[PDB]
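**Q** Contents are PDB, C-alpha atoms and all ligand atoms; file name data.pdb:
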```pdb
ATOM      1  CA  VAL A   3      -4.905-109.539   8.052
ATOM      2  CA  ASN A   4      -4.737-111.185   4.616
ATOM      3  CA  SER A   5      -5.019-114.720   3.224
ATOM      4  CA  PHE A   6      -1.355-115.491   2.356
ATOM      5  CA  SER A   7      -0.085-118.522   4.295
ATOM      6  CA  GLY A   8       3.148-120.150   5.004
ATOM      7  CA  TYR A   9       5.363-117.185   4.170
ATOM      8  CA  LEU A  10       8.619-116.402   5.909
ATOM      9  CA  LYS A  11       8.806-112.740   6.913
ATOM     10  CA  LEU A  12      11.981-111.052   5.646
ATOM     11  CA  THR A  13      11.309-107.433   6.591
ATOM     12  CA  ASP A  14       8.452-105.236   7.734
ATOM     13  CA  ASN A  15       6.862-105.537   4.274
ATOM     14  CA  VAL A  16       8.532-108.389   2.318
ATOM     15  CA  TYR A  17       7.571-112.068   2.657
ATOM     16  CA  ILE A  18       8.889-115.124   0.762
ATOM     17  CA  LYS A  19       7.628-118.659   0.118
ATOM     18  CA  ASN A  20       8.706-121.655  -1.945
ATOM     19  CA  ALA A  21       5.648-121.843  -4.174
ATOM     20  CA  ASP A  22       4.412-122.026  -7.739
ATOM     21  CA  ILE A  23       3.016-118.530  -8.361
ATOM     22  CA  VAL A  24       0.287-120.025 -10.577
ATOM     23  CA  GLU A  25      -0.932-122.330  -7.809
ATOM     24  CA  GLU A  26      -0.580-119.594  -5.218
ATOM     25  CA  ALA A  27      -2.598-117.214  -7.355
ATOM     26  CA  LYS A  28      -5.377-119.728  -7.965
ATOM     27  CA  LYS A  29      -5.688-120.367  -4.218
ATOM     28  CA  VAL A  30      -5.379-116.866  -2.864
ATOM     29  CA  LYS A  31      -7.048-114.878  -5.733
ATOM     30  CA  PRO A  32      -4.967-111.869  -4.736
ATOM     31  CA  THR A  33      -5.923-108.354  -5.762
ATOM     32  CA  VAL A  34      -2.665-108.157  -7.779
ATOM     33  CA  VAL A  35      -0.442-110.851  -9.267
ATOM     34  CA  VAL A  36       2.774-109.614 -10.905
ATOM     35  CA  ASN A  37       3.863-111.036 -14.244
ATOM     36  CA  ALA A  38       7.509-111.156 -15.324
ATOM     37  CA  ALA A  39       6.682-109.539 -18.656
ATOM     38  CA  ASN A  40       8.678-108.409 -21.670
ATOM     39  CA  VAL A  41       8.030-105.152 -23.524
ATOM     40  CA  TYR A  42       5.929-106.932 -26.180
ATOM     41  CA  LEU A  43       3.797-108.806 -23.607
ATOM     42  CA  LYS A  44       4.713-112.020 -25.434
ATOM     43  CA  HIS A  45       4.108-114.574 -22.680
ATOM     44  CA  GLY A  46       6.146-117.487 -24.037
ATOM     45  CA  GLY A  47       8.072-118.946 -21.139
ATOM     46  CA  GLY A  48       9.113-118.576 -17.550
ATOM     47  CA  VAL A  49       6.588-117.050 -15.178
ATOM     48  CA  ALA A  50       4.774-115.318 -18.042
ATOM     49  CA  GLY A  51       4.326-118.492 -20.066
ATOM     50  CA  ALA A  52       3.065-120.330 -16.993
ATOM     51  CA  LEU A  53       0.607-117.594 -15.945
ATOM     52  CA  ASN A  54      -0.675-117.267 -19.494
ATOM     53  CA  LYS A  55      -1.126-121.020 -19.852
ATOM     54  CA  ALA A  56      -3.174-121.046 -16.632
ATOM     55  CA  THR A  57      -5.530-118.442 -18.211
ATOM     56  CA  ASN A  58      -6.053-120.677 -21.279
ATOM     57  CA  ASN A  59      -4.272-117.974 -23.381
ATOM     58  CA  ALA A  60      -6.764-115.242 -22.399
ATOM     59  CA  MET A  61      -3.881-113.225 -20.940
ATOM     60  CA  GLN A  62      -2.119-113.304 -24.336
ATOM     61  CA  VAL A  63      -5.281-112.283 -26.218
ATOM     62  CA  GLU A  64      -5.809-109.307 -23.908
ATOM     63  CA  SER A  65      -2.109-108.420 -24.120
ATOM     64  CA  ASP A  66      -2.065-108.441 -27.922
ATOM     65  CA  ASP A  67      -4.953-105.958 -27.977
ATOM     66  CA  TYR A  68      -3.091-103.778 -25.424
ATOM     67  CA  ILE A  69       0.060-103.679 -27.582
ATOM     68  CA  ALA A  70      -1.898-103.044 -30.783
ATOM     69  CA  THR A  71      -3.407 -99.953 -29.117
ATOM     70  CA  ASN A  72      -0.504 -98.662 -27.002
ATOM     71  CA  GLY A  73       2.738-100.066 -28.408
ATOM     72  CA  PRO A  74       5.425-101.760 -26.333
ATOM     73  CA  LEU A  75       6.191-101.108 -22.709
ATOM     74  CA  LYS A  76       9.506 -99.642 -21.530
ATOM     75  CA  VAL A  77      12.098-101.807 -19.800
ATOM     76  CA  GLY A  78      11.481-100.905 -16.165
ATOM     77  CA  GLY A  79       7.832-100.113 -16.909
ATOM     78  CA  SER A  80       4.491-101.801 -16.320
ATOM     79  CA  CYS A  81       0.820-101.929 -17.168
ATOM     80  CA  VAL A  82      -2.251-103.153 -15.276
ATOM     81  CA  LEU A  83      -4.441-105.656 -17.100
ATOM     82  CA  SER A  84      -6.978-108.268 -16.026
ATOM     83  CA  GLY A  85      -5.980-111.042 -13.644
ATOM     84  CA  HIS A  86      -8.372-113.421 -15.416
ATOM     85  CA  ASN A  87      -8.967-116.544 -13.265
ATOM     86  CA  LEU A  88      -5.825-115.921 -11.179
ATOM     87  CA  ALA A  89      -6.280-112.488  -9.525
ATOM     88  CA  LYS A  90      -8.354-109.328  -9.803
ATOM     89  CA  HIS A  91      -5.531-107.604 -11.699
ATOM     90  CA  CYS A  92      -2.238-108.584 -13.302
ATOM     91  CA  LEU A  93       0.565-106.043 -13.036
ATOM     92  CA  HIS A  94       2.824-106.803 -16.015
ATOM     93  CA  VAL A  95       6.294-105.543 -15.008
ATOM     94  CA  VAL A  96       9.319-105.527 -17.343
ATOM     95  CA  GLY A  97      12.566-106.197 -15.543
ATOM     96  CA  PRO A  98      15.778-105.997 -17.572
ATOM     97  CA  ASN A  99      16.688-109.223 -19.392
ATOM     98  CA  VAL A 100      20.440-109.781 -18.972
ATOM     99  CA  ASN A 101      20.302-112.261 -21.815
ATOM    100  CA  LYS A 102      19.385-109.230 -23.985
ATOM    101  CA  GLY A 103      22.092-106.971 -22.540
ATOM    102  CA  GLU A 104      19.637-104.684 -20.762
ATOM    103  CA  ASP A 105      20.956-102.419 -17.950
ATOM    104  CA  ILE A 106      20.573-104.050 -14.560
ATOM    105  CA  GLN A 107      20.125-100.657 -12.876
ATOM    106  CA  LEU A 108      16.686-100.701 -14.502
ATOM    107  CA  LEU A 109      15.769-103.387 -11.971
ATOM    108  CA  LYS A 110      15.117-100.747  -9.291
ATOM    109  CA  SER A 111      12.799 -98.842 -11.658
ATOM    110  CA  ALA A 112      10.936-102.098 -12.351
ATOM    111  CA  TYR A 113      10.357-102.763  -8.634
ATOM    112  CA  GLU A 114       9.144 -99.164  -8.113
ATOM    113  CA  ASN A 115       5.981-100.152 -10.006
ATOM    114  CA  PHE A 116       5.044-102.364  -7.052
ATOM    115  CA  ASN A 117       4.659 -99.278  -4.817
ATOM    116  CA  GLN A 118       1.465 -98.320  -6.658
ATOM    117  CA  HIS A 119      -0.276-101.369  -5.094
ATOM    118  CA  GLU A 120      -0.850-101.972  -1.395
ATOM    119  CA  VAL A 121      -0.446-105.777  -1.564
ATOM    120  CA  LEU A 122       0.996-107.978  -4.334
ATOM    121  CA  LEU A 123       1.852-111.562  -5.113
ATOM    122  CA  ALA A 124       5.021-111.493  -7.192
ATOM    123  CA  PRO A 125       8.031-113.345  -8.577
ATOM    124  CA  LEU A 126      11.557-112.036  -8.250
ATOM    125  CA  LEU A 127      11.988-109.642 -11.154
ATOM    126  CA  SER A 128      14.680-110.386 -13.729
ATOM    127  CA  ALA A 129      15.267-113.848 -12.177
ATOM    128  CA  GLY A 130      14.904-117.153 -14.002
ATOM    129  CA  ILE A 131      15.178-116.858 -17.775
ATOM    130  CA  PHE A 132      15.751-113.087 -17.485
ATOM    131  CA  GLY A 133      19.268-113.930 -16.360
ATOM    132  CA  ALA A 134      19.841-111.755 -13.289
ATOM    133  CA  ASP A 135      21.151-112.996  -9.956
ATOM    134  CA  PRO A 136      18.054-113.722  -7.809
ATOM    135  CA  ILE A 137      19.936-112.767  -4.621
ATOM    136  CA  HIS A 138      20.616-109.282  -6.108
ATOM    137  CA  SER A 139      16.994-109.116  -7.221
ATOM    138  CA  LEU A 140      15.816-109.874  -3.681
ATOM    139  CA  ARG A 141      18.093-107.157  -2.278
ATOM    140  CA  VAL A 142      16.734-104.570  -4.735
ATOM    141  CA  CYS A 143      13.182-105.681  -3.913
ATOM    142  CA  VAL A 144      13.712-105.214  -0.173
ATOM    143  CA  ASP A 145      15.422-101.851  -0.691
ATOM    144  CA  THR A 146      12.822-100.497  -3.168
ATOM    145  CA  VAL A 147       9.357-101.888  -2.445
ATOM    146  CA  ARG A 148       7.542-100.278   0.484
ATOM    147  CA  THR A 149       4.144-101.940  -0.026
ATOM    148  CA  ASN A 150       3.399-105.497   1.111
ATOM    149  CA  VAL A 151       4.917-108.036  -1.269
ATOM    150  CA  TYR A 152       4.554-111.824  -1.117
ATOM    151  CA  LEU A 153       7.325-113.406  -3.198
ATOM    152  CA  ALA A 154       6.779-116.829  -4.692
ATOM    153  CA  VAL A 155       9.986-118.689  -5.548
ATOM    154  CA  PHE A 156       9.384-121.796  -7.659
ATOM    155  CA  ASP A 157      12.730-123.545  -7.065
ATOM    156  CA  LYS A 158      13.121-124.995  -3.563
ATOM    157  CA  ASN A 159      16.915-124.989  -3.835
ATOM    158  CA  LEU A 160      16.994-121.330  -4.895
ATOM    159  CA  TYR A 161      14.494-120.502  -2.141
ATOM    160  CA  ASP A 162      16.618-122.018   0.631
ATOM    161  CA  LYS A 163      19.657-120.167  -0.742
ATOM    162  CA  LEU A 164      17.863-116.877  -0.878
ATOM    163  CA  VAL A 165      16.782-117.353   2.748
ATOM    164  CA  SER A 166      20.150-118.578   4.008
ATOM    165  CA  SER A 167      22.039-115.696   2.348
ATOM    166  CA  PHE A 168      19.584-112.907   3.216
ATOM    167  CA  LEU A 169      21.071-109.981   5.123
TER     168      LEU A 169
HETATM  169  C1  LIG B 201       0.130-126.882 -15.592
HETATM  170  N1  LIG B 201       1.284-127.704 -15.124
HETATM  171  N2  LIG B 201       1.094-128.996 -14.646
HETATM  172  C2  LIG B 201       2.324-129.459 -14.310
HETATM  173  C3  LIG B 201       3.343-128.463 -14.574
HETATM  174  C4  LIG B 201       4.785-128.380 -14.425
HETATM  175  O1  LIG B 201       5.511-129.276 -13.983
HETATM  176  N3  LIG B 201       5.442-127.135 -14.824
HETATM  177  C5  LIG B 201       4.627-126.122 -15.348
HETATM  178  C6  LIG B 201       5.402-124.786 -15.735
HETATM  179  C7  LIG B 201       5.484-123.879 -14.524
HETATM  180  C8  LIG B 201       6.557-122.779 -14.528
HETATM  181  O2  LIG B 201       7.283-122.803 -15.525
HETATM  182  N4  LIG B 201       6.694-121.865 -13.571
HETATM  183  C9  LIG B 201       5.878-121.718 -12.278
HETATM  184  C10 LIG B 201       6.594-120.647 -11.479
HETATM  185  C11 LIG B 201       7.521-120.066 -12.243
HETATM  186  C12 LIG B 201       8.699-119.108 -11.701
HETATM  187  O3  LIG B 201       9.623-119.046 -12.504
HETATM  188  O4  LIG B 201       8.614-118.510 -10.613
HETATM  189  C13 LIG B 201       7.725-120.793 -13.542
HETATM  190  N5  LIG B 201       3.337-126.187 -15.458
HETATM  191  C14 LIG B 201       2.656-127.350 -15.091
END
```
Would you encode the structure as structure tokens?
Ligand SMILES: Cn1ncc2c(=O)[nH]c(CCC(=O)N3CC[C@@H](C(=O)O)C3)nc21
**A**
Amino acid sequence: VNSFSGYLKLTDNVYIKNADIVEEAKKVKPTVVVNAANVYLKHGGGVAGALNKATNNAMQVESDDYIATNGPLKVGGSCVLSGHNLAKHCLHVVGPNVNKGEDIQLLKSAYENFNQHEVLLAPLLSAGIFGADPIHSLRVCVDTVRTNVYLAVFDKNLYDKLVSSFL
């Protein structure tokens, strides 16, 4: 038993809710919140900008030190940093950004990072400003992630569509 509420169950291990991931994180304080990161951990917009704003820019400060030490992530890769006031940990995961021409097949590699964590609160990778089809992203999620994932979908219209079209 865990503290997530109001989710629709899609499969044995994947759940979905129309929610603002920032507000969901602040209420649940999950062990892991996933950020829709880029390779530079520059949290300007989308999910990343919103999560970072909710940490009063502490996420960005920590991220800049990480990059200065380690260099950029790989597309499809991840790193674990602090969750600040939102979660114990933040798993920064880089899905391919279609608006940069990145290979969509890297989306499966990105979701594989979730399997290193037993339970996660997450957005749909490569959705939103990353330009991928969220329905495809949900399919890859279901077919790749084996651990327990609670997906927060900000847009109510997109949420209902994702549910109504789910196979
Ligand atoms: C602090 N605060 N107060 C009012 C408002 C507001 O109306 N919007 C935002 C930006 C929120 C945002 O961009 N995302 C949340 C989920 C997400 C996704 O893409 O899943 C993108 N922050 C606010």
**Q** Can you work out which one of A:35, A:3, A:129, A:16 has the shortest atom-to-atom distance to residue 144 of chain A, counting only C-alpha atoms?
**A** A:16
**Q** Excluding residue 132 of chain A and any residue of its chain fewer than 5 positions from it, enumerate the residues within 8 Å of it, using all atoms listed in the file, and give them as a list in words.
**A**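 Listing them by chain and then by number gives residues 97, 98, 99, 100 and 101 of chain A.
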**Q** Pick out the closest residue to ligand LIG 201 (chain B) from this set: A:160, A:109, A:83, A:34. Count all atoms listed in the file.
**A**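 Ranking A:160, A:109, A:83, A:34 by distance to ligand LIG 201 (chain B), first place goes to A:160.
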**Q** Under the rule that only C-alpha atoms and all ligand atoms are counted, which of A:158, A:110, A:11, A:76 is the nearest residue to ligand LIG 201 (chain B)?
**A**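 With only C-alpha atoms and all ligand atoms as the atom set, the closest residue is A:158.
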**Q** Which residue, A:80, A:87, A:150, A:13, has the smallest gap to residue 53 of chain A when you use all atoms listed in the file?
**A**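 Comparing A:80, A:87, A:150, A:13 against residue 53 of chain A, the winner is A:87.
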**Q** One decimal, in Å: what's the spacing between atom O4 of ligand LIG 201 (chain B) and atom CA of residue 68 of chain A?
**A** 23.9 Å
**Q** Residues within 6 Å of ligand LIG 201 (chain B), counting all atoms listed in the file: report them as a list in words.
**A**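 Answer in the requested format: residues 22, 23, 48, 49, 52, 125, 130, 155 and 156 of chain A.
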**Q** Atom CA of residue 128 of chain A to atom CA of residue 153 of chain A: how many Å, to one decimal?
**A**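 Interatomic distance here is 13.2 Å.
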**Q** Near residue 121 of chain A, counting only C-alpha atoms, which residues have an atom at most 9 Å away, once you skip same-chain residues fewer than 4 positions from it, shown as number ranges by chain?
**A** A: 32-34, 116-117, 149-152
**Q** Write out as number ranges by chain which residues come within 9 Å of residue 161 of chain A when counting all atoms listed in the file, dropping same-chain ones fewer than 6 positions away.
**A** A: 18-20, 154-155
**Q** In Å, how far is it from atom CA of residue 106 of chain A to atom CA of residue 141 of chain A?
**A**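 Atom CA of residue 141 of chain A lies 12.9 Å from atom CA of residue 106 of chain A.
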**Q** Taking 6 positions as the minimum chain separation for residues in the same chain, which residues sit within 7 Å of residue 37 of chain A when counting only C-alpha atoms? Answer as a ChimeraX atom specification.
**A** /A:49-50,92-95
**Q** Identify the residues within 7 Å of coordinate (15.1, -100.2, -4.7) (same frame as the file), considering all atoms listed in the file, and give the answer as a PyMOL selection string.
**A** chain A and resi 110+113-114+142-147
**Q** Could you tell me, as a ChimeraX atom specification, exactly which residues end up selected when the PyMOL selection byres (((chain A and resi 169) around 12) and not hetatm) is applied to this structure?
**A** /A:12-13,137-138,140-141,144-145,163-168
**Q** Using all atoms listed in the file, which of A:124, A:60, A:21, A:131 sits nearest residue 8 of chain A?
**A**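 Comparing A:124, A:60, A:21, A:131 against residue 8 of chain A, the winner is A:21.
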**Q** Since the input lacks some atoms of segment 56-87 of chain A, please model N, CA and C atoms and print them as a compact mmCIF listing (two decimals), in the frame of the given file.
**A**
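Dumped to result01.txt:
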```txt
# COMPACT_ATOMS: atom_id res chain seq x y z
N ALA A 56 -2.14 -120.85 -17.64
CA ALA A 56 -3.17 -121.05 -16.63
C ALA A 56 -4.45 -120.26 -16.95
N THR A 57 -4.36 -119.18 -17.74
CA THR A 57 -5.53 -118.44 -18.21
C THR A 57 -6.08 -118.97 -19.53
N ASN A 58 -5.59 -120.11 -20.01
CA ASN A 58 -6.05 -120.68 -21.28
C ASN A 58 -5.81 -119.70 -22.43
N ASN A 59 -4.71 -118.94 -22.36
CA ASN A 59 -4.27 -117.97 -23.38
C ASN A 59 -5.08 -116.67 -23.36
N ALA A 60 -6.02 -116.50 -22.44
CA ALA A 60 -6.76 -115.24 -22.40
C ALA A 60 -5.86 -114.06 -22.06
N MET A 61 -4.85 -114.28 -21.22
CA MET A 61 -3.88 -113.22 -20.94
C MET A 61 -3.19 -112.75 -22.22
N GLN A 62 -2.78 -113.68 -23.09
CA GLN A 62 -2.12 -113.30 -24.34
C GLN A 62 -3.06 -112.53 -25.26
N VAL A 63 -4.32 -112.97 -25.36
CA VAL A 63 -5.28 -112.28 -26.22
C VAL A 63 -5.47 -110.84 -25.76
N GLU A 64 -5.66 -110.65 -24.45
CA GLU A 64 -5.81 -109.31 -23.91
C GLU A 64 -4.55 -108.48 -24.14
N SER A 65 -3.39 -109.10 -23.95
CA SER A 65 -2.11 -108.42 -24.12
C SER A 65 -1.89 -107.97 -25.56
N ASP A 66 -2.25 -108.81 -26.52
CA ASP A 66 -2.06 -108.44 -27.92
C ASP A 66 -2.91 -107.22 -28.28
N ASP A 67 -4.14 -107.15 -27.77
CA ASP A 67 -4.95 -105.96 -27.98
C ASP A 67 -4.32 -104.74 -27.31
N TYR A 68 -3.76 -104.89 -26.10
CA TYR A 68 -3.09 -103.78 -25.42
C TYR A 68 -1.94 -103.23 -26.27
N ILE A 69 -1.09 -104.11 -26.79
CA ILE A 69 0.06 -103.68 -27.58
C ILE A 69 -0.39 -103.05 -28.90
N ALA A 70 -1.40 -103.63 -29.54
CA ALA A 70 -1.90 -103.04 -30.78
C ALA A 70 -2.38 -101.61 -30.58
N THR A 71 -2.93 -101.31 -29.40
CA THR A 71 -3.41 -99.95 -29.12
C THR A 71 -2.30 -99.03 -28.63
N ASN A 72 -1.40 -99.52 -27.77
CA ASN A 72 -0.50 -98.66 -27.00
C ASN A 72 0.96 -98.78 -27.39
N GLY A 73 1.34 -99.81 -28.14
CA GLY A 73 2.74 -100.07 -28.41
C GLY A 73 3.41 -100.70 -27.21
N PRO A 74 4.70 -101.02 -27.37
CA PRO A 74 5.42 -101.76 -26.33
C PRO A 74 5.59 -100.96 -25.05
N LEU A 75 5.77 -101.71 -23.97
CA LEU A 75 6.19 -101.11 -22.71
C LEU A 75 7.66 -100.69 -22.80
N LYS A 76 8.10 -99.96 -21.78
CA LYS A 76 9.51 -99.64 -21.53
C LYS A 76 10.10 -100.71 -20.62
N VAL A 77 11.39 -101.03 -20.82
CA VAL A 77 12.10 -101.81 -19.80
C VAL A 77 12.11 -100.99 -18.52
N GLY A 78 11.68 -101.60 -17.42
CA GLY A 78 11.48 -100.90 -16.16
C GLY A 78 10.05 -100.45 -15.96
N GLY A 79 9.20 -100.56 -16.98
CA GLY A 79 7.83 -100.11 -16.91
C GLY A 79 6.84 -101.23 -16.64
N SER A 80 5.55 -100.87 -16.67
CA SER A 80 4.49 -101.80 -16.32
C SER A 80 3.17 -101.35 -16.92
N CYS A 81 2.21 -102.27 -16.93
CA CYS A 81 0.82 -101.93 -17.17
C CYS A 81 -0.06 -102.86 -16.34
N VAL A 82 -1.25 -102.38 -16.01
CA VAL A 82 -2.25 -103.15 -15.28
C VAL A 82 -3.26 -103.69 -16.27
N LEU A 83 -3.43 -105.00 -16.29
CA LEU A 83 -4.44 -105.66 -17.10
C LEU A 83 -5.24 -106.59 -16.19
N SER A 84 -6.17 -107.33 -16.80
CA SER A 84 -6.98 -108.27 -16.03
C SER A 84 -6.12 -109.37 -15.39
N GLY A 85 -6.56 -109.86 -14.23
CA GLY A 85 -5.98 -111.04 -13.64
C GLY A 85 -6.65 -112.32 -14.05
N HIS A 86 -7.69 -112.23 -14.88
CA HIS A 86 -8.37 -113.42 -15.42
C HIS A 86 -8.82 -114.30 -14.25
N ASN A 87 -8.57 -115.60 -14.29
CA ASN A 87 -8.97 -116.54 -13.26
C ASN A 87 -7.97 -116.62 -12.12
```
